[PDB]
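Text of the file structure28.txt, holding compact mmCIF, C-alpha atoms:
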# COMPACT_ATOMS: atom_id res chain seq x y z
CA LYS A 1 -3.81 -25.84 -39.18
CA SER A 2 -4.91 -22.20 -38.99
CA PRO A 3 -7.29 -22.97 -36.06
CA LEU A 4 -4.21 -24.09 -34.12
CA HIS A 5 -2.26 -20.95 -35.01
CA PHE A 6 -5.12 -18.77 -33.74
CA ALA A 7 -5.87 -20.79 -30.60
CA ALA A 8 -2.21 -20.83 -29.55
CA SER A 9 -1.50 -17.17 -30.32
CA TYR A 10 -4.35 -15.94 -28.09
CA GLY A 11 -4.07 -18.43 -25.25
CA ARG A 12 -7.13 -20.60 -25.92
CA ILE A 13 -5.99 -23.74 -24.10
CA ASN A 14 -9.15 -25.83 -24.42
CA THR A 15 -9.22 -25.31 -28.18
CA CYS A 16 -5.56 -26.38 -28.27
CA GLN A 17 -6.17 -29.60 -26.33
CA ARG A 18 -8.97 -30.54 -28.73
CA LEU A 19 -6.80 -29.91 -31.80
CA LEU A 20 -3.85 -31.89 -30.34
CA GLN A 21 -5.74 -35.14 -29.77
CA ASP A 22 -4.18 -36.32 -33.06
CA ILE A 23 -0.68 -36.48 -31.54
CA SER A 24 0.24 -39.58 -33.57
CA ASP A 25 0.68 -37.13 -36.48
CA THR A 26 3.09 -34.35 -35.47
CA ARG A 27 2.85 -32.34 -38.70
CA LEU A 28 0.52 -29.61 -37.40
CA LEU A 29 2.48 -29.01 -34.18
CA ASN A 30 5.71 -27.96 -35.93
CA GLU A 31 3.89 -26.43 -38.90
CA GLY A 32 4.77 -22.97 -40.16
CA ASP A 33 2.98 -19.67 -40.66
CA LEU A 34 3.69 -17.37 -43.62
CA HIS A 35 6.55 -16.05 -41.47
CA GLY A 36 7.44 -19.65 -40.56
CA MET A 37 6.03 -19.24 -37.05
CA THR A 38 5.34 -22.38 -35.04
CA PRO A 39 2.41 -22.57 -32.61
CA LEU A 40 5.22 -22.63 -30.03
CA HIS A 41 6.41 -19.33 -31.50
CA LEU A 42 2.96 -17.72 -31.36
CA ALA A 43 2.15 -18.90 -27.83
CA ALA A 44 5.47 -17.56 -26.54
CA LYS A 45 5.20 -14.29 -28.48
CA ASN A 46 1.98 -13.21 -26.76
CA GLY A 47 3.16 -14.70 -23.46
CA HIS A 48 0.95 -17.70 -22.71
CA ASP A 49 2.66 -19.95 -20.17
CA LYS A 50 0.00 -22.67 -20.29
CA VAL A 51 -0.07 -23.03 -24.09
CA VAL A 52 3.73 -23.10 -24.30
CA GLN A 53 3.78 -25.80 -21.61
CA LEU A 54 1.19 -27.96 -23.36
CA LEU A 55 3.00 -27.66 -26.70
CA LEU A 56 6.34 -28.54 -25.10
CA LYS A 57 4.71 -31.53 -23.39
CA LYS A 58 3.76 -32.91 -26.84
CA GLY A 59 7.06 -32.25 -28.62
CA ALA A 60 7.09 -28.82 -30.24
CA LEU A 61 10.80 -29.57 -30.86
CA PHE A 62 12.07 -25.92 -30.57
CA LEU A 63 12.10 -24.91 -34.22
CA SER A 64 13.13 -21.58 -35.74
CA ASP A 65 11.05 -19.30 -37.95
CA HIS A 66 12.00 -16.80 -40.62
CA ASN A 67 14.50 -14.17 -39.40
CA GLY A 68 15.97 -17.03 -37.33
CA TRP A 69 14.11 -16.28 -34.10
CA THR A 70 12.93 -18.90 -31.62
CA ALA A 71 10.32 -19.19 -28.87
CA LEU A 72 12.85 -17.62 -26.49
CA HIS A 73 13.52 -14.75 -28.90
CA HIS A 74 9.76 -14.06 -28.87
CA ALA A 75 9.20 -14.51 -25.13
CA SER A 76 12.03 -12.08 -24.41
CA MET A 77 10.63 -9.43 -26.75
CA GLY A 78 7.63 -8.74 -24.54
CA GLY A 79 9.16 -9.52 -21.17
CA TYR A 80 6.86 -12.42 -20.30
CA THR A 81 9.08 -14.12 -17.74
CA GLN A 82 6.55 -16.89 -17.03
CA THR A 83 6.73 -18.41 -20.52
CA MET A 84 10.47 -17.71 -20.34
CA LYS A 85 10.79 -20.02 -17.33
CA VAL A 86 8.90 -22.78 -19.16
CA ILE A 87 11.31 -22.59 -22.10
CA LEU A 88 14.44 -22.33 -19.92
CA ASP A 89 13.54 -25.16 -17.53
CA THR A 90 12.97 -27.56 -20.44
CA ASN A 91 16.43 -27.42 -22.02
CA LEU A 92 19.50 -25.19 -21.79
CA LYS A 93 20.12 -25.23 -25.55
CA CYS A 94 17.72 -22.43 -26.55
CA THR A 95 19.32 -19.70 -24.39
CA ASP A 96 22.53 -19.68 -26.47
CA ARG A 97 20.87 -19.55 -29.91
CA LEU A 98 21.18 -16.66 -32.36
CA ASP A 99 18.98 -15.21 -35.08
CA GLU A 100 20.13 -14.14 -38.56
CA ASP A 101 21.08 -10.70 -37.20
CA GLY A 102 23.31 -12.19 -34.51
CA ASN A 103 21.05 -11.24 -31.60
CA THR A 104 20.53 -13.74 -28.80
CA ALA A 105 17.55 -13.93 -26.46
CA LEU A 106 19.38 -11.45 -24.22
CA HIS A 107 19.45 -8.72 -26.87
CA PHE A 108 15.67 -8.56 -27.25
CA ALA A 109 15.04 -8.63 -23.50
CA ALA A 110 17.31 -5.58 -23.13
CA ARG A 111 16.26 -3.56 -26.19
CA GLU A 112 12.57 -3.44 -25.26
CA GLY A 113 13.37 -2.62 -21.64
CA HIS A 114 12.47 -5.70 -19.60
CA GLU B 1 9.61 20.81 -9.77
CA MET B 2 6.71 19.74 -7.55
CA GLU B 3 4.36 19.93 -10.55
CA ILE B 4 6.30 17.50 -12.77
CA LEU B 5 6.80 15.12 -9.83
CA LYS B 6 3.04 15.19 -9.27
CA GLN B 7 2.55 14.44 -12.97
CA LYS B 8 5.03 11.56 -12.82
CA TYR B 9 3.09 9.80 -10.06
CA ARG B 10 -0.15 10.36 -11.98
CA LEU B 11 1.43 8.81 -15.07
CA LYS B 12 2.89 5.93 -13.04
CA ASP B 13 -0.62 5.03 -11.88
CA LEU B 14 -1.76 5.35 -15.51
CA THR B 15 0.76 2.71 -16.60
CA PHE B 16 -0.32 0.43 -13.75
CA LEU B 17 -4.03 0.72 -14.58
CA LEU B 18 -3.55 0.11 -18.31
CA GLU B 19 -1.36 -2.94 -17.62
CA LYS B 20 -4.05 -4.36 -15.32
CA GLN B 21 -6.63 -3.63 -18.02
CA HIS B 22 -4.47 -5.19 -20.76
CA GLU B 23 -4.56 -8.48 -18.85
CA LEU B 24 -8.37 -8.49 -18.87
CA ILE B 25 -8.62 -7.93 -22.63
CA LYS B 26 -6.14 -10.77 -23.09
CA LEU B 27 -8.46 -12.84 -20.88
CA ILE B 28 -11.65 -11.91 -22.75
CA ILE B 29 -10.05 -13.12 -26.00
CA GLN B 30 -8.84 -16.24 -24.13
CA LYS B 31 -12.27 -17.34 -22.82
CA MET B 32 -14.83 -16.45 -25.47
CA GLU B 33 -17.48 -17.98 -27.71
CA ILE B 34 -16.15 -17.97 -31.29
CA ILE B 35 -18.46 -19.89 -33.65
CA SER B 36 -19.42 -17.76 -36.66
CA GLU B 37 -16.04 -16.08 -37.25
CA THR B 38 -13.96 -19.19 -36.50
CA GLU C 1 3.79 27.09 -15.94
CA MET C 2 0.57 27.40 -17.94
CA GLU C 3 1.73 24.58 -20.24
CA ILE C 4 2.25 21.99 -17.50
CA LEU C 5 -1.04 22.99 -15.84
CA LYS C 6 -2.77 22.46 -19.19
CA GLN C 7 -1.09 19.05 -19.43
CA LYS C 8 -2.19 18.15 -15.90
CA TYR C 9 -5.86 18.72 -16.71
CA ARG C 10 -5.48 16.72 -19.92
CA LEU C 11 -3.95 13.86 -17.93
CA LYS C 12 -6.64 14.13 -15.23
CA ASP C 13 -9.29 13.56 -17.90
CA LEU C 14 -7.18 10.66 -19.20
CA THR C 15 -7.31 8.95 -15.80
CA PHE C 16 -11.07 9.52 -15.60
CA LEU C 17 -11.74 8.07 -19.06
CA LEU C 18 -9.59 4.98 -18.50
CA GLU C 19 -11.25 4.32 -15.13
CA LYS C 20 -14.68 4.54 -16.78
CA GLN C 21 -13.44 2.21 -19.51
CA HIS C 22 -11.92 -0.24 -16.99
CA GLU C 23 -15.39 -0.71 -15.49
CA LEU C 24 -16.81 -1.74 -18.87
CA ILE C 25 -14.12 -4.37 -19.49
CA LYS C 26 -14.81 -5.72 -16.01
CA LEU C 27 -18.48 -5.84 -17.03
CA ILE C 28 -17.86 -7.59 -20.36
CA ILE C 29 -16.00 -10.36 -18.51
CA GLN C 30 -18.83 -10.42 -15.94
CA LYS C 31 -21.69 -10.97 -18.43
CA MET C 32 -20.36 -13.17 -21.22
CA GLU C 33 -20.95 -16.48 -22.96
CA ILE C 34 -18.16 -18.87 -21.93
CA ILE C 35 -18.81 -22.42 -23.19
CA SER C 36 -15.81 -23.74 -25.13
CA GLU C 37 -13.04 -22.32 -22.93
CA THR C 38 -14.83 -23.00 -19.63

Would it be possible to restate this file's structure as structure tokens?
Amino acid sequence: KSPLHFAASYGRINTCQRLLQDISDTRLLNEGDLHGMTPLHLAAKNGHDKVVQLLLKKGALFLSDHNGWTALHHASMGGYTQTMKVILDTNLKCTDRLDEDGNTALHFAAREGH
Amino acid sequence: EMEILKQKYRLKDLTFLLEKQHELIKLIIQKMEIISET
Amino acid sequence: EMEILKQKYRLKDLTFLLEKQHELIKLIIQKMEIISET
């Protein structure tokens, strides 16, 4: 579990492909951190386009963490447009989502100055 | 006025160098041997 | 005028230190064990 949360947060792709050879069981893909963060959340927060593309290719299912953020709320806060294109070109549902504080993905991309 | 403009272009190259350097440190942590502290 | 000149020499040493430090990070990535994430 915690090896996957470290290897996705810091872009280690080859460690992620080894840990996701058990794709018949999808518990550890959509698992949560102590802040409810998915591996899809952590890979998009630090801006890793390859890890967020591998996790979306195996069904990361676009969950939400605590404070109601998503992978697009994390990729916007940081201005990583490459992982933003991977999220946006998958489905058009995530760009209209809101957190608990009512902010969309647009509000974090403008507050940090991207 | 010419002194602060000269300092702005020195600082603009400082932001460009640190952003190039921040991508390398993100790439060291991406491709690294981690065995003992795994 | 003496304040901005003092800030220019502080920033000129900041560019020199970061350029020295950028050569070390380029040398860590040059000589490093890369086995698992090859």

Could I have chain B as a compact mmCIF listing (two decimals) with C-alpha atoms, keeping the file's coordinate frame after it is superimposed on chain C by least squares, pairing all C-alpha atoms in sequence order?
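The resulting file, part.txt, is reproduced below:
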# COMPACT_ATOMS: atom_id res chain seq x y z
CA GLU B 1 3.79 27.09 -15.95
CA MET B 2 0.57 27.41 -17.95
CA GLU B 3 1.73 24.59 -20.24
CA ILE B 4 2.25 21.98 -17.49
CA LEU B 5 -1.04 22.99 -15.84
CA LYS B 6 -2.76 22.46 -19.19
CA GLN B 7 -1.09 19.05 -19.43
CA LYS B 8 -2.19 18.15 -15.90
CA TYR B 9 -5.86 18.73 -16.71
CA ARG B 10 -5.47 16.72 -19.92
CA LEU B 11 -3.95 13.86 -17.93
CA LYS B 12 -6.63 14.13 -15.23
CA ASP B 13 -9.29 13.56 -17.89
CA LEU B 14 -7.18 10.66 -19.20
CA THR B 15 -7.32 8.95 -15.79
CA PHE B 16 -11.07 9.53 -15.60
CA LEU B 17 -11.74 8.07 -19.06
CA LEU B 18 -9.59 4.98 -18.50
CA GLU B 19 -11.25 4.32 -15.13
CA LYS B 20 -14.69 4.54 -16.78
CA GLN B 21 -13.44 2.20 -19.51
CA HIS B 22 -11.93 -0.23 -16.99
CA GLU B 23 -15.39 -0.71 -15.48
CA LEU B 24 -16.81 -1.74 -18.86
CA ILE B 25 -14.13 -4.37 -19.49
CA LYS B 26 -14.81 -5.72 -16.01
CA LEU B 27 -18.48 -5.84 -17.03
CA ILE B 28 -17.86 -7.59 -20.37
CA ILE B 29 -15.99 -10.36 -18.52
CA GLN B 30 -18.83 -10.42 -15.94
CA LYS B 31 -21.69 -10.97 -18.43
CA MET B 32 -20.36 -13.17 -21.22
CA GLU B 33 -20.95 -16.48 -22.96
CA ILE B 34 -18.16 -18.87 -21.93
CA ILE B 35 -18.81 -22.42 -23.19
CA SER B 36 -15.81 -23.75 -25.14
CA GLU B 37 -13.04 -22.32 -22.93
CA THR B 38 -14.83 -23.00 -19.63

* For residue 46 in chain A, which residue out of B:11, B:17, B:22, B:3 is the nearest one, using all atoms listed in the file? ->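 Among the listed residues, the smallest separation from residue 46 in chain A belongs to B:22.
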
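Near range 10-26 of chain A, within 9 Å and counting all atoms listed in the file, sit residues 1, 3, 4, 5, 6, 30, 31, 42, 43, 46, 47, 48, 49, 50, 51, 54, 55, 58, 59 and 60 of chain A; 26, 27, 29, 30, 31 and 32 of chain B; 36, 37 and 38 of chain C, not including residues fewer than 4 positions from it in the same chain.
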
* To do: Calculate how many Å separate CA of residue 57 in chain A from CA of residue 40 in chain A, rounding to one decimal.
  =>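 Separating CA of residue 57 in chain A from CA of residue 40 in chain A is a distance of 11.1 Å.
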
Once you count only C-alpha atoms, what closest atom pair and distance in Å to one decimal does each residue of chain B within 7 Å of chain C have, with rows by chain and rising residue number, as a Markdown table?
| residue | atom | partner | partner_atom | distance |
| --- | --- | --- | --- | --- |
| B:7 | CA | C:8 | CA | 6.7 |
| B:14 | CA | C:15 | CA | 6.6 |
| B:21 | CA | C:22 | CA | 6.4 |
| B:28 | CA | C:29 | CA | 6.3 |
| B:31 | CA | C:37 | CA | 5.0 |
| B:32 | CA | C:34 | CA | 5.4 |
| B:33 | CA | C:34 | CA | 5.9 |

Starting from 4 Å padding per side, set up an axis-aligned box that covers all listed atoms of range 11-20 of chain C and hand over centre and edge lengths in Å, one decimal, as AutoDock Vina command-line options.
--center_x -9.3 --center_y 9.2 --center_z -17.2 --size_x 18.7 --size_y 17.8 --size_z 12.1

* Measure the distance from CA of residue 93 in chain A to CA of residue 2 in chain A in Å and round it to one decimal. =>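 Taking CA of residue 93 in chain A and CA of residue 2 in chain A, their separation equals 28.6 Å.
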
* Give me the residues within 10 Å of residue 63 in chain A as a list in words, counting all atoms listed in the file and dropping any in the same chain fewer than 4 places off. =>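 The filter keeps residues 30, 31, 32, 36, 37, 38, 40, 41, 68, 69, 70, 71 and 94 of chain A.
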